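I have placed the structure first, in the form of structure tokens, so that the comments after it can refer back to it.
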Amino acid sequence: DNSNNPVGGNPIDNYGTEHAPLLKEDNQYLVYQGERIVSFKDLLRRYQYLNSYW
Amino acid sequence: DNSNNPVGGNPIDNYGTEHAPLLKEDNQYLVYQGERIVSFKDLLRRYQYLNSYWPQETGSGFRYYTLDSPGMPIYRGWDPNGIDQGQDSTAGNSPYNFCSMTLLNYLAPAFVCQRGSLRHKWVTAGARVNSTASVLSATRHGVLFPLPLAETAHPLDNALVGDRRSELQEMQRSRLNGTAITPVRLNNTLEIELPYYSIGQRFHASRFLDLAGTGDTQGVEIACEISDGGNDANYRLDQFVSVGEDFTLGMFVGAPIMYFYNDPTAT
Amino acid sequence: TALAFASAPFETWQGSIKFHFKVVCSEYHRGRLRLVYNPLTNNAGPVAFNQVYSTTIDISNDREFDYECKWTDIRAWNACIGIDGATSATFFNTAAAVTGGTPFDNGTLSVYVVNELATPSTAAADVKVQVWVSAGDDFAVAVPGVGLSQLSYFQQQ
Amino acid sequence: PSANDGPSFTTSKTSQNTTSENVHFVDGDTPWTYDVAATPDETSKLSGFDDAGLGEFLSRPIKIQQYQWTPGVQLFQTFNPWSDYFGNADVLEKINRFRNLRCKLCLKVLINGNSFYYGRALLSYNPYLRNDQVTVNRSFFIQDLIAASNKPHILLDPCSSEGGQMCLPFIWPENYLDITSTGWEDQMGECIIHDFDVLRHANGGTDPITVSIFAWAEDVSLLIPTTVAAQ
Amino acid sequence: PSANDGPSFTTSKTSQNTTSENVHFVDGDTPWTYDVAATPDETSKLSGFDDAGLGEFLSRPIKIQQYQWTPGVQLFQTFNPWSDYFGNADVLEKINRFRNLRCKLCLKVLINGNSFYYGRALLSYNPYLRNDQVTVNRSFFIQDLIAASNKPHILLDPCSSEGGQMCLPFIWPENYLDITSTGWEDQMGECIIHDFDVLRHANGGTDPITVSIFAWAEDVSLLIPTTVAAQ
Amino acid sequence: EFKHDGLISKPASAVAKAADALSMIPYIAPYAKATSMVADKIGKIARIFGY
Amino acid sequence: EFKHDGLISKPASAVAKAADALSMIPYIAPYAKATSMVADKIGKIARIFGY
């Protein structure tokens, strides 16, 4: 009865009426950040200084 | 009967037959000016010289000059936290900024709120020695701790290569934050733009005058190599400030108290 | 945690955090736990059933259960401490209540006893509870920062 | 509207009669009004947190009683749920500048138990008890369980470890009993837990088990404001 | 339903999941329920008294300030309406075990006057004032009325003896400012009454007149409960 | 918006005879940006207000 | 794919109101590259996942 699940999962009544309300705010990144970062494969394509050589 | 209106308004017969006649002159700016200026948001996108910075004033030897500056330009007059020192009216000394009064510095303390990206240019004029291949770099700071305007030198001419690498790793250029680099011998101009990242903040205090002693959350570190030989004493960096495209100001609550005076003698 | 791994290169976070509680006991160990959410901090004694958010799970039918702490903060984005900064602060106390209400977290989640542990014999019973942790559906991160500039995969020497 | 105001603000003249939640203003003339025209947007208020509000504060459960059965010892307990719920410190700040109450106080009993514990207890409720010279409240007699089994009761055992919820109606000869007066909730019905014999255990375990009693008011009608501190 | 119960009461088995205003009960088994089947009738509750309730408590006006003009003396006063409304003793019991507030504090100015009194005063509102190193708050200068006449303002006179109501929007960089933290309402905008010259009277009367300032919160969003005492 | 050679297609500074609507107020839609917005949603001459 | 001025035609960073499909998983076809693939085969907003 979902009692030794290796990933867990048995939702008990928590303190919200609305489930996951921050996904319903479409224009959230027009107010705070300007952009959204969803994947690391997008962020891995910024160059970063590694090391210097004389 | 419109008798305590906070904005006033009760038009009594004045000396004109035609009401507002200068709006009916369509081809007026074909005769006199050539252009019309309607908004400040159009005029805030002209760059204006703020301040200059001399890298051979902080360290010694061959080193890496770094300058932590706010994203918003610092203000023009007698600060209590100014980066320079002028002779005041009591024939003494007081902190003073020898920077210009930009249109952004003029318009911002008359509004409550402020939000938007801000654009900079770093021009690198002056003299220089013939043995330079330096890279001018701009890199942004975090949005939790605003760093004040400060100047630091990192020495690069040690005997150990590891103790040079440990100085290049004390720099914000080595970090995952946004970095723009350029060679001074080939382009010598950055043209960066600081975005408005924030810890859940919708705006910040537009009436905050103490940017040189506190900084803001859009600070940037500017970095450039310098040597201790002569003719680099005239090597400097010029900052041109302007306003990005998502920029806005809040509600107008009146002009601040202003002060009119020339620059004092710098001591 | 993979939740702490995937949020170290960033400087702001928001969203819901999922906590999976897992009671290891026999079939004859009975009682009620109680899960307080408090945005600031819990007082030094008993916590009342009003004035906090609580659930009071019976562990007869649900020995394993997860609880999703949604976003109830005065901001939209909190700050990220980083793995570098989380090593010096107390985030799991099990002797007193931790200090939330900072600009870095979304409050505190605490476990209290409602009904005592019932035992089938006179033997000493050492019951444990496991806390597993994951990101909820709301979870987002932003502002790439300097959170991992001081980390390393080589020991201190 | 008109007269020298811009898009950012508005100057108007409102009505002479201003009502806002029990204070009326009958003004001699229409006042002036300066609106700063501030409409916020969505994603500026938390949605889904309308469950625990201020108006439905008295529907929040509090743990009014907690007891522990030990094997070998009985539960004979006596409590007043109306004097335990409305004697709380936090609800007494919310019923503070009101006078009339009229609730219905539903309670709940939780017992954890085990398959080896056995025995049974009776929780009964005496409804009114104002001029009640009968229905004794004394020490334990086994013959007090016959009169108490006709009152509203619940049977609580540790073996199945189940059950327990009563509704406890308002019953009172007046409507809207006062909150200012002294002992205003004491004589409105009380609960007694009798035990039939004694808690036992089958493997000789001696651990206590817990009986918890929660209570909350269901359909509150709290409506006349006053300046007197509500006891 | 069935099983040996009469018309007066009901024994049932309710659900395993019990929710009542921020407390959830996940029970291991279905408990038993004894209902006494008590439905009251109409003419047992007062009707028409839903105006001053508990949920809309913060919309109740309180008199935050009272001043008196005398002929010959000016009004230069400075107050913080957010620190006067939410520093009250009775509202601080209602915002007590909550954390997030987000109000909009509309205020109202009443002046009684007479046809022989004259003079005029300006009441202005400074909206945010957190890192505000400008907009001085000092002694009286007549040149502080030029900067204060661009802020949200109202003009109050005794002759017509009229006017005065502003809305005072929320403006704040975060949504839902904390109630627990120290000085949580102090730096959110303040009002100053400047006087243009001096109160005068035309028959040489020297009686003072009263300027009263009321305030109340309009659209309250008070929603996250906590155990910490709200300052 | 971000388009190739956008300065050529503006009236960009000046008279532009139908650009004597300087007495009009710009309306900003409830989540409008500055770039791919009101400069095309108000009219042709909404670039003298800075958009 | 390899196209001339491809950054102009992206929504490229941000809100892009219909780009609130961040809760969708990207599907990769059995021999799909990153360039001339799923950025055009999933939808318009598959460029916030890095494709």
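A quick note on method: Cβ atoms are made from the backbone with ideal geometry, for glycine too, and the neighbour counts reach across all protein chains shown. Readers should treat all values here as calculations from the given coordinates under stated rules, not as data from a laboratory.
Scanning segment D:207-230 finds no residues that are over 30 Å from residue D:54 (Cα atoms) and more than 14 Å from chain C (Cβ to nearest Cβ).
Considering only residues in segment A:22-32 that are part of a helix (DSSP H, G or I) and not acidic (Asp, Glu), the one that is surrounded by the fewest Cβ atoms within 10 Å (Cβ to Cβ) turns out to be A:27. Looking only at residues of segment E:73-107 that are surrounded by fewer than 22 Cβ atoms within 10 Å (Cβ to Cβ) and among the charged types (D, E, K, R), we find that the one that is farthest from residue C:74 (Cα to Cα) is E:90. Among the residues of segment C:48-74, those that are under 22 Å from residue D:115 (Cβ atoms) and without any contact (Cβ under 8 Å) to a residue 24 or more places away in the chain comprise C:61, C:62.
Filter segment C:32-72 down to the residues that are among the β-branched types (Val, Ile, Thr), in a strand (DSSP E or B) and buried (at least 24 other Cβ atoms within 10 Å of the Cβ) and list them by number. Once the filter is applied, which keeps residues that are among the β-branched types (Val, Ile, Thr), in a strand (DSSP E or B) and buried (at least 24 other Cβ atoms within 10 Å of the Cβ), segment C:32-72 yields only C:57. Of the residues making up segment D:186-212, those that are closer than 19 Å to residue D:129 by Cβ and out of contact with any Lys or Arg (no Cβ under 7 Å at 6 or more places or on another chain) are D:186, D:188, D:189, D:190, D:191, D:192, D:193, D:194. Taking the numbered list (1) under 24 Å from residue C:148 (Cβ atoms); (2) within 11 Å of another protein chain (Cβ to nearest Cβ); (3) over 14 Å from the mean Cα position of the chain (by Cα); (4) not aliphatic (A, V, I, L, M) in turn, residue B:217 passes all entries but (3).
Considering only segment B:187-234, state which residues are touching a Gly at 6+ places or on another chain (Cβ under 7 Å) and either in a loop (DSSP other than H, G, I, E, B) or not aliphatic (A, V, I, L, M) (or both). Passing the criteria: B:193, B:195, B:196, B:203, B:206, B:212, B:216, B:218, B:219, B:228, B:234.
Residues that are assigned to a loop (DSSP other than H, G, I, E, B), farther than 23 Å from residue G:21 by Cβ and more than 7 Å from every other protein chain (Cβ to nearest Cβ) occur at least once in segment A:7-21. Can you name every residue in segment C:73-98 that is within 13 Å of chain B (Cβ to nearest Cβ) and part of a loop (DSSP other than H, G, I, E, B)? Answer for segment C:73-98, where residues must be within 13 Å of chain B (Cβ to nearest Cβ) and part of a loop (DSSP other than H, G, I, E, B): C:73, C:74, C:75, C:76, C:77, C:80, C:81, C:82. Looking at the structure I just gave you, is residue D:168 out of contact with any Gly (no Cβ under 7 Å at 6 or more places or on another chain) and either more than 10 Å from every other protein chain (Cβ to nearest Cβ) or within 23 Å of residue E:46 (Cβ to Cβ) (or both)? For residue D:168, the condition - out of contact with any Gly (no Cβ under 7 Å at 6 or more places or on another chain) and either more than 10 Å from every other protein chain (Cβ to nearest Cβ) or within 23 Å of residue E:46 (Cβ to Cβ) (or both) - is not met.
Search segment F:1-46 for residues being of a type in the set (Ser, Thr, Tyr) and within 25 Å of residue B:32 (Cβ to Cβ), and hand back the single one that is surrounded by the most Cβ atoms within 10 Å (Cβ to Cβ). Show your work before the answer.
Here is the first cut: in segment F:1-46, the residues of a type in the set (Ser, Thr, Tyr) are F:9, F:13, F:23, F:27, F:31, F:35-36.
Retained after the next criterion (residues that are within 25 Å of residue B:32 (Cβ to Cβ)): F:13, F:23.
Details: F:13: 16, F:23: 8.
Ranking the qualifying residues of segment F:1-46, first place goes to F:13.
The condition of being out of contact with any strand residue (DSSP E or B) (no Cβ under 6 Å at 6 or more places or on another chain), among the small types (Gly, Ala, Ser), on the phi < 0 side of the Ramachandran plot and in a loop (DSSP other than H, G, I, E, B) holds for residue B:92.
Conditions tested, residue by residue: (1) over 25 Å from residue F:3 (Cα atoms); (2) among the hydroxyl-bearing types (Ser, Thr, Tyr); (3) in contact (Cβ under 8 Å) with a residue 24 or more places away in the chain.
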{"site": "G:5", "(1), (2), (3)": "no, no, no"}
{"site": "G:8", "(1), (2), (3)": "no, no, no"}
{"site": "G:15", "(1), (2), (3)": "no, no, no"}
{"site": "G:34", "(1), (2), (3)": "yes, no, no"}
{"site": "G:47", "(1), (2), (3)": "no, no, yes"}
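Take residue B:157 and tell me if it is surrounded by fewer than 17 Cβ atoms within 10 Å (Cβ to Cβ) and part of a loop (DSSP other than H, G, I, E, B).
When the stated conditions are applied, residue B:157 passes them.
Taking the stated definitions as given, is residue F:23 within 9 Å of another protein chain (Cβ to nearest Cβ) and of a type in the set (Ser, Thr, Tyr)? Spelling it out, residue F:23 is indeed within 9 Å of another protein chain (Cβ to nearest Cβ) and of a type in the set (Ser, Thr, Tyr).
Rundown of residues vs (1) over 23 Å from residue D:211 (Cβ atoms); (2) assigned to a loop (DSSP other than H, G, I, E, B); (3) in contact with a strand residue (DSSP E or B) (Cβ under 8 Å, 6 or more places away or on another chain), yes/no style:
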site: D:148; (1), (2), (3): no, yes, yes
site: D:159; (1), (2), (3): no, yes, yes
site: D:162; (1), (2), (3): no, yes, yes
site: D:170; (1), (2), (3): yes, yes, no
site: D:180; (1), (2), (3): yes, yes, no
site: D:191; (1), (2), (3): no, no, yes
site: D:198; (1), (2), (3): no, yes, no
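Being out of contact with any strand residue (DSSP E or B) (no Cβ under 6 Å at 6 or more places or on another chain), in a strand (DSSP E or B) and surrounded by 15 or more Cβ atoms within 10 Å (Cβ to Cβ) is the filter here, so list the residues in segment E:1-31 that pass it. The one that is out of contact with any strand residue (DSSP E or B) (no Cβ under 6 Å at 6 or more places or on another chain), in a strand (DSSP E or B) and surrounded by 15 or more Cβ atoms within 10 Å (Cβ to Cβ): E:24.
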